[PDB]
Amino acid sequence: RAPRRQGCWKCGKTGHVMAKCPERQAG
Ligand SMILES: [Zn+2]
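Residue numbers (the entry's author numbering): 23 to 49.
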């Protein structure tokens, strides 16, 4: 969630969902 702290570009923004995002950024 709250992608602004990275733009999720290494979290997975190339195809992830904001509820799978917490697995890579603890939030
Ligand atoms: Zn993310």
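Just so you know, even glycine gets a beta-carbon here, dropped at the ideal spot from N, CA and C.
Rounded distance between the beta-carbons of residue j and residue i, thought under 8 Å
i            : j           : result
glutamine 47 : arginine 27 : 7 Å
Proximity below 8 Å, CB of residue i to CB of residue j
i           : j          : result
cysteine 43 : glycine 34 : yes
Heavy atom of ligand 1 within 7 Å of residue i beta-carbon
i           : result
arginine 26 : no
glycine 49  : no
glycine 37  : no
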